[PDB]
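The chain below stands alone and is given in structure tokens; this is the form deposited in one PDB entry.
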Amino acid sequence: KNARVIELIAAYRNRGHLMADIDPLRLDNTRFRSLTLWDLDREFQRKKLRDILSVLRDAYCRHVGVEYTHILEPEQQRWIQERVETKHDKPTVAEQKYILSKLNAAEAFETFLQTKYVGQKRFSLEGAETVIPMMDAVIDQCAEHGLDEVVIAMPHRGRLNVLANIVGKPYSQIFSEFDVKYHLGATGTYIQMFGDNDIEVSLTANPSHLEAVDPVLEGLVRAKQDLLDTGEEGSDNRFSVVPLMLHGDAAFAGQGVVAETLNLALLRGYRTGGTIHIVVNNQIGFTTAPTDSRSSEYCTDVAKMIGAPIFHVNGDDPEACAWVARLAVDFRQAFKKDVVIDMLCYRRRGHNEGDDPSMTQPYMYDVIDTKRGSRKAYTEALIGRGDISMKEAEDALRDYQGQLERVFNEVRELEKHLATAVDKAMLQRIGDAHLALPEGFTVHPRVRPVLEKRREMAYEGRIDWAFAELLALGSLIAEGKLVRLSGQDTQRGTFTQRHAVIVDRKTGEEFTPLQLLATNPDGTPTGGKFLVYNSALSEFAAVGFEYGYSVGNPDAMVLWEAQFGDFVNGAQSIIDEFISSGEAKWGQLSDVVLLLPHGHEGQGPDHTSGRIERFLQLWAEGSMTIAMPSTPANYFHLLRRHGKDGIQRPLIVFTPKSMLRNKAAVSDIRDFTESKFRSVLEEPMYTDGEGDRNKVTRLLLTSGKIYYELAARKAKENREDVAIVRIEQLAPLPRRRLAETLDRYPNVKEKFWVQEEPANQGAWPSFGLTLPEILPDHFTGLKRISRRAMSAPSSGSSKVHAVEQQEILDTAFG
């Protein structure tokens, strides 16, 4: 008999959520319908069975469905049951009236929005108003913990309601020159009603693409946490900036970026100390029923991936919703992990204007038509329970009416009215740092020559690409800049060229040479920092995160590196919806850098191209900088210009692979100490050598590593009649520098754009159309030399590649 009690306790803890009264529509008519009575007064801590069962039913089978026994941490399971399996204190009339006032503000906003403006039906929060007192309780609990800020990310349902009743934006600013308003960022201050603290509340900008903003929010919060010296890269472990992420039930279950973002939750390079998730679960996805949207019992079942606790709550019980919200903030503060709140509600109206939702969901909408709103339900529940009087309930209807009048009145009143060069001592210092090993550190035998070669390069020259990159980042850290670098295997580098972090051969202890540059020679800090990480095997969440990080800290140098440029198409929604277009659409600026290893080397269609043609197609004046440098020094100056120009604009860099080790692709010390970024490059024989530009009759215009192959061929045949000009900055086109460079070759009879990429790829589709228009006296008659148009970036054969590469070189000198 005593063992059957233990199994009964576990059954309520494990599966009680399946019998909880969480659906305010009660659609499932089989949910509830599918030891002895003398054992109830027997004692089994010693408590009677009737008392054990009453605690279990109240905790697990009322308006809150708790999912927590999947959590592997026993201390976390114990923490939840200790707060859930107790007789809770009923809220004070003041707290209940405050919750009612929030529901009054929410429903008064939705009534106005629908009655005053046209085409607002799709933004309607009606049937889900309880999310306003729930979000209020989240932010108020964060202020109770003395935290610094809450950053919200959400889809567009109830967004202006959130702006007015959560962010605290006035109606004069919200409805000023009144649909882009449902995607813009906002910032405000939350002041506690019954407390003495305040907290910053901000809402991040987003596209229509549901859940795409999820990793953006995380990066943005992480950047703010790093600035406030809180969290993983902070002195305290408070993680004082809280991500509050809102979702829809269909989108939460169907979008892969949800799993990718949850996968970042505890990573040292990406953790934000736990996200508070709120799913506005109105049990519908436009016309689609949940049975066609997911293969699991709950829309939130993906969150079990990271062992997050889940609370299914009845959206018609605003007190249970406010209680769960506060418990969620307390759990996040105690364990630095994600908490998911699944708010079960309904969508009162159609999804949009042309929707009669009884066409596709006739049963759901026969039940929703008999439903009276949450505000009215809660007013009636408070009257029944004896908590408020008739006068008090009527006064709450007087508060509703007043809030409805104020928004109609306020809106009525509103309608009536730079050098990038460094000193040789800076290069030497970055070189010396690679040998300034901690006491007793063991370098791996194959890493030691790289360190010694870097000291040699810093003092003697022949600086390679990999070191030039670290010279740029190291000099920025020495000047006080925060640098964040990440990507797949970025600490070592895909091509074993970086070694930004080196690992002790015997202990596994990490050493970061560039971090020594954050301290001045006198011993004082520079204000700079080097944050280098290996990313998860993700493109979409990682690129979203880095974009978000640069928005969070405009003063940070943020670089994301693709393993190969070919895999960046996995992050196309971020490129399309945030990076390339956020500035023009929302006034949101980002200085994020994307490093894309690019080049035809015979390694196949997924190890050859970062799709230059796609970034060039996305480009429009001042949206991005797109470059393909051919020398280490020009790359060094490109990164330093980007970090010091005071302009917030993304930089797309097509980076080398075998050209990292090309002995001709090296730079002299003077190229770093007495030069600047060169958008257009001539051959050294004309600028430093004894070459004669007047002998040139054929001009080859190119970009990237093919330059070295063209230069080698010219040198082999002694072709003084051919000159090779490189376009280092692909976008914006360096019109003036290009014109001035070409004017130095007066006897040119023919001009050719030479590229490795197929004819429908690389720079030709845009340059072939743009160059003859922007410079008609220079490029009228411009012809193309490249691979044939292909449906893939290249051939699968390294043999077919080698024949095509030779064909390009032979055509250019034919």
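Here, rigid core means the biggest group of C-alpha atoms that superpose within 1.5 Å across both forms. Residue indices: 1-based, along the sequence shown.
For residue 32, the record comparison shows coordinates absent in at least a third of the other entries of this protein that model its neighbours. Unmodelled residues of the deposited sequence between neighbouring positions residue 44 and residue 45 number 4 to 9.
Two stretches are in play, 593-601 and 736-744, and the higher mean C-alpha B-factor belongs to 736-744.
Between 298-306 and 115-123, it is 115-123 that carries the larger average Cα temperature factor according to the deposited entry. When the C-alpha B factors of 468, 212, 638, 383 are read from the deposited coordinates, the top value falls at 383.
When the Cα B-factors of 705, 499, 222, 90 are read from the PDB record, 90 comes out highest.
Annotation for residue 14: C-alpha temperature factor in the middle third relative to the rest of the modelled chain, per the entry. Per-chain ranking of the deposited C-alpha B factor places residue 526 in the highest third.
Residue 776: CA B factor in the highest third of modelled residues in this chain (values from the PDB entry). Annotation for residue 757: CA B-factor lies in the lowest third of the chain's modelled residues. Among the modelled residues of its chain, residue 797 has a C-alpha B-factor that falls in the highest third, as given in the PDB entry.
FYI, the form deposited in another entry isn't displayed, but the following is about it.
Core-superposed comparison between the shown form and the other one: among 589, 383, 666, 367, the single residue whose C-alpha moves by 2 Å or more is 383. Residue 399: CA moves 2 Å or more between the shown form and the other one after rigid-core fitting.
After superposition on the rigid core, displacement of the C-alpha of residue 121 between the shown form and the other one amounts to 2 Å or more.
A movement of the C-alpha atom of residue 603 falling short of 2 angstroms is seen between the shown form and the other one when the two forms are aligned on their rigid core. Relative to what is shown, residue 122 and residue 187 are closer in the other form; their C-alpha atoms differ in spacing by at least 3 Å.
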